[PDB]
Structure formats: C-alpha cells, structure tokens
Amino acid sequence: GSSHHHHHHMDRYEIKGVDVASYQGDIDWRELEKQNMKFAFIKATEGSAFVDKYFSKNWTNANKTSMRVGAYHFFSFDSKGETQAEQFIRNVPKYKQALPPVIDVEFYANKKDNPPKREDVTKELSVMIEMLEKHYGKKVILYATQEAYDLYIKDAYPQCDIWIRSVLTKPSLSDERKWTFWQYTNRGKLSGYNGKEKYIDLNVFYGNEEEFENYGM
C-alpha cells in the first residue's frame, strides 16, 4: 500500500533529476525544469524490438530545455546483446552534449522465478556495453536494483558507472563500490502548476554542479 511519507535524498546531493517511460504520460518538461530538475533519462528501447511510445516526443521536448538529457535501454534476458545494442542505436541519436547511454538491468515478468545465470548476462551485457561505448563515445551507465546488482553487476563492470535504486534506505553497493546516480523514490514529490503526487522516479547525481556539467564529456 501507499504511505503519505516520501523517501528523500540526502541533503549533500544537490543535483536532482528524473527518469521516465511512457507510463508517466504527457510530461511538461518546462515545468520539470522549473523544479530544478537538472537531468532526465528517458526510456527509448526494450529488448531487441520494442520502442517506448513516448521516446521520440520526450527526447525532442526534454532537449528543448536546459536539462541534460540521456536515454535508457531496458535489458532483456532473452535476446542477444548485439541485437539489443543495435536497437538502442537505431533509435537514439548521437549528440555530444547528451548524457551517456544507460542499460537498465532488473527483474521483470517471471524472470525472478528462475534467474538467468550470471555468465549469460555477462556475455550479452558486455557486448551491449562495448557497442554503445564505441558508438556514442561515452562510458556506459548501468542501472540496477539491489537484487540485480548483487546477482549480476557486483564485482564486475569496472568499465561502467553505476546507477543504483535505493528507495527505502541510504544508498550503498554490496562490494563497496561508489555509485554515480541514486534513484531515491518511485513517487516523486512535485510542486508547480499541475503539481501533485506523481508516479515518477527521482534521482540524484553523486557530485557537484561542475562535475555534472562535465559528466561524460
């Protein structure tokens, strides 16, 4: 069920941003910008053939603002990394000022009833990372939940930055790695004109404004 309390980010992290998919509906990007949202990661693709229905619109509209904007791919355990990379690449244009690409690795559907083997994830995810890093010229970010991190990402992928979900506690990775982004709530608290409780993910960057401005550059 739902509490009226919210989980907040730690005060030391002042660079905040959102991540969205089509399920967040019609987004007023100028209104998010007015709430000091500094970045957005927008869902583009999933698996080897799916395209989020609002990716095109969100990409165009978010990029009209001053926000730093990137795209994410929702990883599939059931198709090859090469095909998944090709799908993200067909959909997401190269743009020097964009944020680095994100691959989102987490459980979905029934996959947690019979978790994929780590070896099989390493093979396919490593191909994706190689292809995206080469194409966009930027170090790839891996988003994960705690369970997916512990089972697939921990003690691995030193060539990537980590974006960790931690919506109930302060953020920490089980191998003591440092995180680069932290997703701190699924139901971000929002002001301004249409302002209301919304199911939209909120996040912070680890560092300061200057680090932010130079991130992935």
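All residue numbers refer to positions in the sequence shown, first residue = 1.
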item: Of 6-14 and 199-207, the one with larger mean CA B-factor; value: 6-14
item: Given 66-74 and 26-34, the range whose Cα B-factors average higher in the PDB entry; value: 26-34
item: Record-listed C-alpha B factor of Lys189: chain third; value: highest
item: Lowest, middle or highest third - CA B-factor, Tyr95; value: highest
item: Lowest, middle or highest third - CA B-factor, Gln183; value: lowest
item: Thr169 by Cα B-factor - lowest, middle or highest third of the modelled chain; value: middle
item: Third of the chain's Cα B-factor distribution that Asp104 belongs to, per the entry; value: lowest
